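Heads up: the sequence lines are chains E and A, in that order.
Numbered according to the deposited numbering, the first sequence spans residues 6 to 359, 372 to 455.
Numbered according to the deposited numbering, the second sequence spans residues 597 to 756, 767 to 948, 961 to 1277, 1282 to 1587.
One structure below.
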Amino acid sequence: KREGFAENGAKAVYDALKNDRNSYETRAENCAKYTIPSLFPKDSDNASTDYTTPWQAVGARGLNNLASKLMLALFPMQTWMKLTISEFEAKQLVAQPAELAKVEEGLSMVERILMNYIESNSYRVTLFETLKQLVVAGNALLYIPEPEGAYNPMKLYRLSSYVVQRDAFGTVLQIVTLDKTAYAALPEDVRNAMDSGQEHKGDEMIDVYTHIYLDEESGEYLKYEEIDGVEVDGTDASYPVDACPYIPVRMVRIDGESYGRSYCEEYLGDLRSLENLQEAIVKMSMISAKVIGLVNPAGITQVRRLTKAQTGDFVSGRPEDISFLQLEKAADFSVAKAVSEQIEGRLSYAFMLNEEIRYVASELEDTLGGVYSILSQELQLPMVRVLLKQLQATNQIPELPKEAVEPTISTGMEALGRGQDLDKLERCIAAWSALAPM
Amino acid sequence: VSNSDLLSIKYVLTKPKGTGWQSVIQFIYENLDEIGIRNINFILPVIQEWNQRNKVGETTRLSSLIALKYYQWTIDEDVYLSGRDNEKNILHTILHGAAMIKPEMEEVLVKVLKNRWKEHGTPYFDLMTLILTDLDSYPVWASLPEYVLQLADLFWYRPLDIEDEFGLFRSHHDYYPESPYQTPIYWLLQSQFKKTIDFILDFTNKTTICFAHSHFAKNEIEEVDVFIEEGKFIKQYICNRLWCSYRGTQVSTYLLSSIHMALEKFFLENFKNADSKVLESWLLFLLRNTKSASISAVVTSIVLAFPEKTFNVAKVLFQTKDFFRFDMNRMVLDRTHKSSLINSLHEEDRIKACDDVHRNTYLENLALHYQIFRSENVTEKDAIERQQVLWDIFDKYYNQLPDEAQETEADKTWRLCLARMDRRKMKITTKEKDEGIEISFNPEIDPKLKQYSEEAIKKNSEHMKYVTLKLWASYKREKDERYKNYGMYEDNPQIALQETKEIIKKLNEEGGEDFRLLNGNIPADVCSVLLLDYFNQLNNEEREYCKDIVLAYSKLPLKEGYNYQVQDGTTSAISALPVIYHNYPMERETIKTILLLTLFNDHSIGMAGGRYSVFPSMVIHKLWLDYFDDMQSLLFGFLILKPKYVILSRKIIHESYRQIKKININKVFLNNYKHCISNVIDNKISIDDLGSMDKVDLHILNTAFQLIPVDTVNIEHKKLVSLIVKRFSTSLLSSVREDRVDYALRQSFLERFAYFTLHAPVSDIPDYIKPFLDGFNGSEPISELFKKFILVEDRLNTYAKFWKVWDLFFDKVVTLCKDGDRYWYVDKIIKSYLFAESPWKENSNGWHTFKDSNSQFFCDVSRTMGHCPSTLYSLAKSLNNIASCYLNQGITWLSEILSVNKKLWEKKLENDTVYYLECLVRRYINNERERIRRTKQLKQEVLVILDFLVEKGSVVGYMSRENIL
């Protein structure tokens, strides 16, 4: 029988903690409704309601743009990590230049193996999706698998699938996930595990609960999986506190809370007002019972023939010289447009759709260096620690001295000569030469 | 670029010379068995640099064959080639020569299609990906289009975010900024028209059926009967998301968007002078075969673009009713989308497309236009026949309308739509104007329907009632001179106040959600505007009303359950408190209480790390001039009381578990600490009454630090500042991780410290920076300190004080580089000290803090720190832009460093070091050519740098020597 956090079972802790998650889920639902509803859908009356498409496009476009820029401060194609050498150990290893060459070539192959693992297992994809979840809901959870086969991308969980509990210092005490799959689809020994009780139908969904919890007599997190309050045998495992494969992530940091907060909560009133104006402009167009226009070249084609009483008669003219006032005629149109421009100004600034020092030092650098560094803390550093330990456990990289070799992320900026040589010059030449006429 | 001198051209671009290139490439190819395919790794840059410029001929065949053989070897050995999308890679060498290796390419494609190798890690996967994504693949698209179509069919479709419902792989976001240039389709249409049209129709039908049966679509998708010929109808799926696919104005798949954009662009570019019979036959072919309305939208767009060529297609479109509804929705979105826009290859094409002339029109305008206007090729007999056709269509629509008691508003909308088109039932009137002649067309209208229209128009004007006041107050708040247009509220403060009283009544009398959403913040902004800008014109009754509203809105952040949103009106109200405090002495106790309780709010705002306590801090800074004792009582009161509020918060939370929003924490706090709060109100606190700062948290100390004026001369302020700096520097300089300070807090502290130091007298500066001089080490906040000093000096231009600070740190930095710049953050510290880390503008003549005298700084630096490679990098980068005024002397400094420190010729360098040295030497020679020729010493000094560049393989260095010699 279990002890401590696990005493009552994984399902009991999930039901116990779920009460606290409701406000954060409600906030996420409201943010999704005015941006991209399929990022966090929760409406129940799907016999009547769609994943309702807004009239305003600004929310969706701004979210995609922000995630694209975050996925370029973070995780670029160039080198973003450093396996540092402890200076005390460097002062020992300097005894031969050949050994320093071999050791730093070793670290070079390990750094290349890390970036190899990042690109070859296409982590760039799930990281882009994770950033979308962080922007709209403030919270996300990732899992890094033990390697099998040729190709091992990660798994991402939305807030509605998990619970987490934290102390006064933000430390993770325990995590529970709720996972679901049909009875007939499960592994054969799992299908054999449920002969007793109710008769399962082949498509009956089984609720599986994963529990990860902190130990005290050991420096470890402990893991097991659970169905109907009974442990699934063989699913048990243990991990040291420095290298657990489950990674919960926050967009913003608050003390005394399990969870973080989203960015666009501050701006939901603007989005909700912009939609309200656009709908009225549509109605203002539909109800109009009169049409008004103008002929452009000073009336040198004689429109008097239209004022003369004959429907079967025609003016000489073109769409090149005729236009109509079909929305601009309406009396309140100009002011509704003007307020829409003000609201879009605030939103487009907020989603970044925009003395010898350049003032991008504020908005492209200082504004992001915070979230960039905090995601280095809560996302990148745990990930590289797990990847290094997995590569050692699979014998792929050597057992180098832990006193010497330690990771770090180099947040910042890359060189620029190669950059203009490719982007401004040769890619442009490729485009220009390919696009030239027949 | 117009000139032909390598010393003056903007960029240097080069190409091969001589028959050695052909000889070497041929000799490698003929003897490849004796050398062995593993060993030829040295030839890859040669074949790369040839194919980059020469794309026909024998040598281009051999180069491409060598690259292909090496790739196939890596496949057989399972060895990895680093996926990095680089112009210099091997696969680009294959693609640049693909016109010369067509049989070999065809064999590779046949094998891929035979084995269905469509998944990551199978053979040839990277090259196939490029053929579907990259513009350099265009010789393949020209040579083998029938295979490219099959490859796209294999790679894009996944049989059963919204792209999952369409049945597509999530590699799809390779196409993210959707555009006609994202896929090979635009070129396959030129290469193989009929087969590409077949492909587009098949792929669209599959994909739309996949979406239509998803749970996603269930309450958005409609189905409509589409007329084709007499008695002939077909069904199509339709909604706003499908109709607008070719515009990008709706949230839909970037791949499908890009395909439909390419189709529209091809028809608009290439059929512009076509025979009408050809053009109309293809548009009708597209209508007959699609199961998706997203094609019908493209057909409609082309009919709107060429209206006098395409009447026989327009005749078919007018006979399907629902196309009028969706095209009108498109027109309203097109008339706004451009503003929301307002990868450059794609984005300029989007911006230009928003300027297309034909986007302004829509099907109602076209139906009226054929009844009125005659162009140069159309007879009166033709126009008479056009009228007869349209009138038969209108009569057949009128005959189908329901009995009038049955009507819904959709029917009334359709009847109004018909009234805007049928010329038989209209009057005409005209007015001449500066731009031409205005025409008004006046339909003759049913009284029941007329009354419906009048009611709806009125209701709109009832909703939009206060929008002009909202506009005026917002422009006035933001100091945007567009407020001057609104002379009905400018020069009219009492009108604004009267309408504000209407709004306040409506809010109190059970105001609804739709009303409060748009109008709920107008009283706050109007009252703050009147108090800040019009106080001399108001009477005392008007002043007191404005006061009561501003003080009411200022208290809302003190209620439980408040959440901040950017225009809720509270920050507008808080900004007007200085005027009230100045004018009304009875309010001061209330305002001191409001400010104190709001400083305790730690909730963050934005992404940059600010907090809500900024808003009362801006008020306090406006009061230090006249009300010093009151504000100092707030400062000492905060430092005493804030550590107690957090303990009481924890107690209330704990008792809410024992038995949170149930309890008004502020009312409890105000009842417990009445004695100390009375000392705050009566101004009876001093710097002697504070405790020692030894255990107070750094967030609290920073919050106090931001309230003190940066140019203060007060003894108690200076004494308090001196405590805070020692406390912070102890934590910043530590190597123990447990001491580590948050990034945003660290930036916030260091910039304020720079302001305090540079406003000081010149003899006090050595006492300000002393905790950082004594504790100096290799840790990262030393770099951040130097960057913040450079920033504040650019703002302030305090020449002598900046150079005193820089002269005091010199010996410490010199001592640090002797350990070697690879340790801890030493190289970053060097680069920061030597101006290389800051973001300077692109074409600076110099800097206002550099003068002739200061050249001795760089002389000492190059004499003393030359061996650290960070020094060479920093000098070369600086002399190229911000320190450009010292160039003639910089050549000496660089030449000396390279001549003495021989190990630099063998060590590893920082990125772009060679690039900056190339730019510098090339810029100097163009100015100084005759003096370099005539003077021995200058020529030797330049040749040292050129020999270094040639040792590293620089072409520009080599050519420069051949010029100078």
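Every residue, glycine too, gets a C-beta built ideally from N, C-alpha and C.
Within the 8 Å Cβ cut-off, does residue i reach chain E?
i	result
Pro719(A)	no
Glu1050(A)	yes
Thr1086(A)	yes
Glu1406(A)	no
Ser851(A)	no
residue 757(A)	Residue 757(A) cannot be placed in this structure, since chain A goes from 756 to 767 without the numbers between.
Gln796(A)	yes
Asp1416(A)	yes
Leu963(A)	yes
Considering only their Cβ atoms, is the gap separating residue j from residue i smaller than 8 Å?
i	j	result
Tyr214(E)	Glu236(E)	no
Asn1286(A)	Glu1178(A)	yes
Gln1183(A)	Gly274(E)	yes
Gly614(A)	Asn647(A)	no
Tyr852(A)	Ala903(A)	yes
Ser1496(A)	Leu1456(A)	yes
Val1578(A)	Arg1544(A)	yes
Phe924(A)	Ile1011(A)	yes
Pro1461(A)	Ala294(E)	no
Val744(A)	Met724(A)	no
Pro250(E)	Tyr389(E)	no
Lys1066(A)	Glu1128(A)	no
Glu431(E)	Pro81(E)	yes
Using only the alpha-carbon positions, how far apart do residue i and residue j sit?
i	j	result
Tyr156(E)	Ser127(E)	9 Å
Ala985(A)	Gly317(E)	15 Å
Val168(E)	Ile252(E)	12 Å
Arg1134(A)	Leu1149(A)	24 Å
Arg941(A)	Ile827(A)	24 Å
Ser165(E)	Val18(E)	15 Å
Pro150(E)	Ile414(E)	18 Å
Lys1348(A)	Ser1308(A)	21 Å
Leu640(A)	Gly632(A)	14 Å
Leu1089(A)	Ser945(A)	18 Å
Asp55(E)	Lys824(A)	7 Å
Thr1216(A)	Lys1173(A)	9 Å
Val706(A)	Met867(A)	30 Å
Determine whether the Cβ of residue i lies closer than 8 Å to any Cβ atom of chain A.
i	result
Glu116(E)	no
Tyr56(E)	yes
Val340(E)	yes
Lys74(E)	no
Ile252(E)	no
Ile123(E)	no
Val246(E)	no
> Which full runs of the alpha helix (DSSP H) of 4+ residues lie inside the region 239-319 of chain E, going along the chain?
Replying inline: 273-291, 309-312
> Just checking, does the region 344-356 of chain E make contact with the region 52-68 of chain E on the three C-beta pairs under 8 Å criterion?
Replying inline: At 8 Å Cβ cutoff, the stretches touch.
>> Three Cβ pairs or more, each shorter than 8 Å: is that satisfied between the region 27-35 of chain E and the region 785-798 of chain A?
In response: no
> Considering only residues of the region 37-106 of chain E, which uninterrupted alpha helix (DSSP H) runs meet the minimum length of 4 residues and lie entirely inside it, listed in chain order?
Replying inline: 63-78, 92-98
> Would you call the region 1446-1455 of chain A and the region 1467-1479 of chain A in contact, with 3 or more CB pairs under 8 Å?
Replying inline: no
>> Taking 8 Å as the cut-off, does the region 881-895 of chain A touch the region 903-914 of chain A (at least 3 CB pairs, one atom from each stretch)?
In response: Yes, they touch.
>> Three or more C-beta pairs under 8 Å: does that hold for the region 1077-1089 of chain A against the region 1037-1046 of chain A?
In response: no
> Would you call the region 115-124 of chain E and the region 83-92 of chain E in contact, with 3 or more CB pairs under 8 Å?
Replying inline: Touching, yes.
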